[PDB]
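Letter by letter, the chains look like this.
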Amino acid sequence: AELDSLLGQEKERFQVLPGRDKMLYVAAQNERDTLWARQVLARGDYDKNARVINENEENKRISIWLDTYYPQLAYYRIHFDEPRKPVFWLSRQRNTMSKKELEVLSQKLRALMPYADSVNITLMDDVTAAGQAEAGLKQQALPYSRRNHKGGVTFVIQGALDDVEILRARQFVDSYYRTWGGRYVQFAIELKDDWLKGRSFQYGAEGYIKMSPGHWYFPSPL
Amino acid sequence: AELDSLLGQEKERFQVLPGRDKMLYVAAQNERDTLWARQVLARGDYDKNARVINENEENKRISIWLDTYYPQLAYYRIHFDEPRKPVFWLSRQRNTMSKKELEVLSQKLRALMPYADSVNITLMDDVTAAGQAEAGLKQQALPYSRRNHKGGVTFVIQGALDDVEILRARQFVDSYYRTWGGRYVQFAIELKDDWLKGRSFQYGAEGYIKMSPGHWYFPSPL
Amino acid sequence: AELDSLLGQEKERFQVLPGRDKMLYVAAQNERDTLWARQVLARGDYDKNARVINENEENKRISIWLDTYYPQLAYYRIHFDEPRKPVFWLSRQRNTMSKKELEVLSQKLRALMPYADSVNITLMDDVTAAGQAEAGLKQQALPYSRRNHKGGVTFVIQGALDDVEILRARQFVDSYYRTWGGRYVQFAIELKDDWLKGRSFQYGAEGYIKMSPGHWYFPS
Amino acid sequence: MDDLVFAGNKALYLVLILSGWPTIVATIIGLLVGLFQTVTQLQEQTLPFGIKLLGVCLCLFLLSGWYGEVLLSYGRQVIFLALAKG
Amino acid sequence: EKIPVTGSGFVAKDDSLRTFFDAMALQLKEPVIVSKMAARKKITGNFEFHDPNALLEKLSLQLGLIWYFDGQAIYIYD
Amino acid sequence: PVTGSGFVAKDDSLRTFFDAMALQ
Amino acid sequence: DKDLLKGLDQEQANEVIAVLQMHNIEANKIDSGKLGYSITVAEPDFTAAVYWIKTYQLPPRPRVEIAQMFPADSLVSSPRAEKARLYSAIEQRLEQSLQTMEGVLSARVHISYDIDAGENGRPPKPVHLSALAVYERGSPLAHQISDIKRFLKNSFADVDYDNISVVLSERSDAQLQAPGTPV
Amino acid sequence: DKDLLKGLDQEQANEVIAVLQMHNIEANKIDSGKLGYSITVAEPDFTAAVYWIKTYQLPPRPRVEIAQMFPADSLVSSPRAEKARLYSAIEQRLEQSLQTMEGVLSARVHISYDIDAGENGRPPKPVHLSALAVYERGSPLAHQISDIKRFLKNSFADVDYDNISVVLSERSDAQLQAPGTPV
Amino acid sequence: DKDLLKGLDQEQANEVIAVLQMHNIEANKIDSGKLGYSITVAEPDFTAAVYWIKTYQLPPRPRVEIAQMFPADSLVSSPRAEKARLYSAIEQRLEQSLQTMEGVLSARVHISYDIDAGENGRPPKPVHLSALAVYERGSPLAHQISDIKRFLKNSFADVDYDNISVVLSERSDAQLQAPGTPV
Amino acid sequence: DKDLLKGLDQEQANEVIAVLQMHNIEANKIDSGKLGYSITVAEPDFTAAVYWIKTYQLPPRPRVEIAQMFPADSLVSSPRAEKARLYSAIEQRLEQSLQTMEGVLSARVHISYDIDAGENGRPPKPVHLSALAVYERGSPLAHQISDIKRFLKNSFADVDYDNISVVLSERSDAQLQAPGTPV
Ligand SMILES: CCCCCCCCCCCC[N+](C)(C)[O-]
Ligand SMILES: CCCCCCCCCCCC[N+](C)(C)[O-]
Ligand SMILES: CCCCCCCCCCCC[N+](C)(C)[O-]
């Protein structure tokens, strides 16, 4: 009685991987499929050892391990499109390591993932990540502010947004997050009683002057 | 009992293709038909392996893979008019690749689509795309504004629109999107009340709003 | 009847370790799991000696012991990712000790933890700790104030915060505390009412509110 | 005019419930004393009046406090409505 | 602080011109006298009193006021 | 009104209209 | 077999079955007539089924409509009650109309009940509207908000596009394959 | 066979049947007379049937009309009630007239109920109208909006083209071939 | 076996079982019909079951709604009572609408009752709203508060984003494996 | 064996058993039906059980709610009793909502009853609230007070953070092991 015979009629919905642990790993696409699988195991329909996994859970677990042993590594995300050979994206600017150190890191990750044969480490450009964020907002004509820090970039979208603006914004952000993760770039979406959608001006003898960002805003008198 | 005998009386509604992975791929034209086929497979009327596919789902899947291995490739859409020989449209300006690289790309796509015999890559012009968009909005007599960015063009259609205008717009945009996709050109359609809610105002760099006779408000340049 | 056979179907959920005192130590990940295990022992299903342990409880117990024998040691937290080889983070600046002294400390910890084969002592930088805190707040765009003392840093966040700001602050603070503990950096969140809504005022130097025409107010 | 509608309807409802209780008591007493004369087959005009008077006086001794509460409440309420606009 | 705003200025919200121009009187360094007819007008906004004479001149033309200065006090009329 | 400076009237009294013109 | 629930209505039972099937729990529906429907599951699935019944708060309570508070048949009605029955009917009629638009599966509408004050001697406030809707997969939601706003705007004497909130969502993945029976 | 639903009326039954057939589910209708109609399906199709019944919220509710809240067969009727029944009859008579135009299959109409104020001592607001309609395939919708607007404008004493909303849609593809029987 | 509780409702029984199973206590539910349900456990688990029943204050109580205090029998009920029933219905209808949004499991809603004054003589105060909601695992809570605020703002005639409080939480871990039987 | 208590309710008995087990006293619960439950203990433990029964003032009393002093039985109900029932309903509904937050075990809420004067002719005083709550072990109490204050602030017409009091406590150690039987 193989495991694949127990998961359902749609065979390709799940993927089964052997591993050095001598335990079967079942790879699933999403939470609902995850629970559809876990029920089979927890009911005890299968007798040998098995486990259920997904991209999000693995990202969390690995990040927790890195927080202990590499507390200053700057990195983006690990992709499991091909679960036998994951791809790990590091920043080119914010990390300084030798090839040997990178190799050691690779081996240790391989030890964490007994279902993976090897881990490929790829270096990505921060300027690219930031530019793709900003161009994605301009392509939707959303009103926004950008703020720069040493280690990150914050986009602030706020005010009396319209319903179609809220929809477009949340579709974009939900697409970007899947690719780059939330570590380097952050998006804040906030609704305020304010009709200028975050702009602010002072009136003087020479006319209007743009006012720097700040927590306080003048509520709409209209 | 062949698979074609199970799909229905209207034989021409579906198309069966054999794949290198020893699986039947049933190409469909729309969601309704897709679910009509999936019910037949999921019920388990057929006993070998089979799968149902359509153009939208496949475009999503392939875009997701490109996001990982070619995160900077500029492209439009993949057409499946002839499902055995798809056509992939790339930008002529915004890509620099050699013929060899294009061939490699072709082979990897062929590995993603086990039902296709080859992938034909065609180079398209951005100016052409943009020109067809603006010519369409002029021909339909809609009011609009054009914004240009490095990576894209945006057309903003907003204000008080009549029913006839709304209908024309929806039809046109739906037609365009099926040809060019949504990556390079975006159409923002937004119903606005009167900008200022029936209040007198002075526009320009010294502008202001009359809340009422005897009551001035100085929000912004107008 | 081994202990692993009694804890359940999901054999991955728990980890059994034999201790030098000849007692079984069951490692859990959270409270709910902890009580799921303790019920089995308290019911008396197993016959030999066993105990249940988790990271939070052991951090507390060890801190209580350090309070008595090392009342001036500056340290952060003990990690049990690999329970057989815990990692103990000490301050580099606020401690001056010899290598021999550190080794002795290591051995005494090993005597307190009969399930661990050795204790690795690592020196961490305070400037790093503080910096990653402040950078995390700027990343979340919260308003804050920083106060510095000889032995600690305090971040005060106060005002008429929005629900999206309370949620972001809560998530961040809870993420930081798990890594660093609470000994060096402290966060304080204080909601206050809004005096300005519907009133005119002057701000900057010589700032004042006015409650109503003819009634000035001069905050400090 | 929801205010005029309210004050006008409440006035009539108050008349109906303030007056109902004495008349209910008087009617029930009337019926029982009318019956007793039939089963006794013994007849006079005055016995029902005599008992009815006592029944109503007791009714008033008991309820009258509540009559005051109800009337004061209504009295205030209508004044506040009349002068509500300012 | 009860005043969590970063710069400097005056935030009017539906202020009679009397109570607005009083806030300008310290930068003008002069006491201001306003006619009742002008004191019927209202204003709202956020203002920089950086150069009071040049501001006062402009607002006179935008609001329809007239003003004079005798050396001791500023007088503003409709 | 992308350029210059003008006034958008809505059944405004002439006093408010010519007051708006006063600056020019 | 263990009894989960008894005395259910038709439309409660069908919801319970749907939610258990979605999480791979094979369940059985039994009819006792005057006693209603009964639902049963196997022992290996009992624990999970109880956990899901708690988490979803099954079986569902019936739909609430404001006219239930103000029956048509009381002896008397103040104006407030009549006015509430009126809006409580217009809501239901708009919902039933939107369900006929192209590719909408279901919808909900809410109207601002100004009736909770008289607005006598006073300017009555303008109306506000909110709507929720669920769409078939592959619908251009952005392009479809316009239609609904346009349609609702003219349903009332004074409504501004600014005062209309619209929230849209797509249908979830289809549950076509049957759950597996315990070994 | 498994029982899905019992005691349905004729219109509910035929609605459910239509929705299931569209998704390739073979269903059967049984008549119990005073106990109504029953719907049954095969086991291989039970799961899908349940999921679609949930997704469409079948069986359909009865259709709502405003005059149901202000029955005419009542002892006394306030002006608000009479003023409501009048409008709720004009709406229905316009729907029934639109259905007679060339190529239209069905329609819905809505009118702004100004009765939600008495407007005593007040000037009456203008009327607003909204309409939805379904056309046969190959109909020039753009050129057909004009006729409807023209027709509606003169139905009421004061209406502006700007206050009339019209939404049109085409008929979906025809379901002519029968579903396949489970093997 | 020792008796913990008798005469429970179906709703009380399933909550008690859920809570004991979570702590690894195997329990049994028995049905006595007119006498209700009974819950029993083994002696080795009796002490723990008692301690948990006290700590959670089981069995749960019935669920309160303000309309329960004001069932109308009068000819004339107060402007207070009518308004109270009205708000007590809008609350429930909003909770039912929110439960349909994408991936919300449950929610609760509260409105500021100005009606603690009749508002005779004095002008009416603006409304405030609070909501609690529970989400499926993996939900971007920060990004999802916006939707709820937008939806609720326009359900009432005067509401400011400043006056709306929203609190969100995720589902706890799933309880799928059965508890162990005493040796 | 000696009799401690007789004629108890189910929820008095379970409370007495819980409190005696905590102090290592093995007790027995017996059911006499219409006569209720009886509690018995051994002689060596009788003295101690008596001392604890006195110290805790067992058996516990019924729970008090303000609505119990103002029952709905009048043809006219005074405004004071109406407002008392109103606030006595809102308090309970808030407690039930708080128990649904993440990891709360039990709670209590109190409101300032401004109704001990009618506020007829006098401007009404602002509201004050108090809340008590108990948490699971390992909870950041400091970070959770903010959430509760935020939630309570907007459930009412006009409340200042300065006027909400919150007090939190952690759960006690779990009583899992059974008491020893006298030798
Ligand atoms: C108690 C007997 C006298 C009561 C007189 C009440 C007058 C009410 C006048 C308004 C009547 C018409 N209504 C209710 C439509 O306003
Ligand atoms: C026959 C006497 C008729 C009096 C009618 C008024 C009765 C109610 C007011 C007087 C109440 C007197 N009481 C009971 C307080 O003494
Ligand atoms: C002999 C009949 C006298 C009827 C009038 C009696 C005086 C009015 C009642 C005064 C007391 C009112 N009360 C009971 C509320 O105090």
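Residues numbered from 1 in each chain as written, not as in the entry; some residues may be left out. Chains lettered and ligands numbered in written order. Part of a larger assembly, values for the part shown. Heavy atoms only, no water.

Method of structure determination, per the deposited record: cryo-EM was used for this entry, reaching 3.3 Å resolution.

This part covers the sheet that holds strand β7 (residues 145-149) of chain C. All names here are of chain C. The strand order β7-β8-β9 describes an open sheet built from three strands, whose pairing is mixed. Strands with a single pairing partner mark the edges of an open sheet, and in this sheet they are β7 and β9 (185-191). Pairs of neighbouring strands in the sheet enclose a mean axial angle of 20 degrees, with direction left out of account. Relative to β9, strand β8 (residues 152-159) runs parallel, the two sharing seven bridges. Bridged to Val153 within β9 is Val185. Strands β7, β8 and β9 of the sheet are contacted by helix α4 (residues 126-140), whose axis makes an angle of about 10 degrees with β8. (Pairing = 2+ DSSP bridges. Helix = DSSP H or I, 4+ residues; strand = E, 2+ residues; numbered from the N terminus. Axes fitted to C-alpha atoms, helices over the stretch in contact; angles between N-to-C directions. Contact = heavy atoms within 4.5 Å.)

Counted by the stated rule, this structure contains 88 salt bridges over all chains. In this structure, the salt-bridge partner of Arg77 of chain B is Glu55 of chain B, at a minimum N-O distance of 3.9 Å. With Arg77 of chain B in strand β4 (residues 75-79) and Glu55 of chain B in helix α2 (residues 55-69), this pair connects stretches of sequence that are 22 residues apart. With a shortest N-O distance of 3.8 Å, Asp2 of chain D and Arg80 of chain G are connected by a salt bridge. Of this pair, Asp2 of chain D sits in helix α1 (residues 2-40) while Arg80 of chain G is found in helix α3 (residues 79-98), placing the two residues in two different chains. Each member of the salt-bridge network shares a partner with another, and the members are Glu190 and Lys192 of chain A, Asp162, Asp163 and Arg168 of chain C, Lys149 of chain I together with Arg150 of chain J. (Salt bridge = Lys/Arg side-chain N within 4 Å of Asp/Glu carboxyl O.)

Now for the interface of chain I and chain G. Chain I puts 51 residues into the contact, and the matching count from chain G is 47 residues. When chain I packs against chain G, the two sides together hide about 4,500 Å² of surface, and 54% of this comes from carbon and sulfur. At the junction of chain I and chain G, the tally comes to eight salt bridges. Residue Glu65 of chain I pairs with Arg61 of chain G through a salt bridge whose shortest N-O separation is 3.7 Å. Linking chain I with chain G are 21 residue pairs in polar contact, by the criterion used here. (Buried area = accessible area lost by both parts, 1.4 Å probe. Polar contact = N/O pair within 3.5 Å; in protein donor to acceptor, adjacent residues only side chain to side chain.)

Moving on, we come to helix α3 (residues 79-98) of chain H. All names here are of chain H. Helix length check: α3, at 20 residues, gives a terminal C-alpha distance of 29 Å against a target of 28 Å (1.5 Å per residue), a fit within 8%. Turning to α3, its buried residues number three or more, namely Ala81, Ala84, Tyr87, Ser88, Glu91, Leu94, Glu95 and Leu98. In a view along the axis of α3, the buried residues occupy a sector of 155 degrees, so they form one face of it. Turned more than 90 degrees off the buried face of α3, the exposed positions are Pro79, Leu86, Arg93 and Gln96. (Expected span 1.5 Å × (residues − 1). Buried < 20%, exposed > 50% of the residue type's maximum accessible area, 1.4 Å probe, protein only. Arc of directions from axis to C-beta.)

Right, let's get into the arrangement of the chains. Regarding chain C and chain G, the two do not touch, and the least distance separating their C-alpha atoms is 12 Å. Regarding chain E and chain I, which are not in contact, the minimum distance between any of their C-alpha atoms is 17 Å.

Below, the discussion takes up the environment of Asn30 of chain B. Among the structural elements, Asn30 of chain B can be located in the loop between β2 (23-27) and α1 (31-43). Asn30 of chain B sits 25 residues away from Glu55 of chain B along the chain, and the two C-alpha atoms are 8.6 Å apart.

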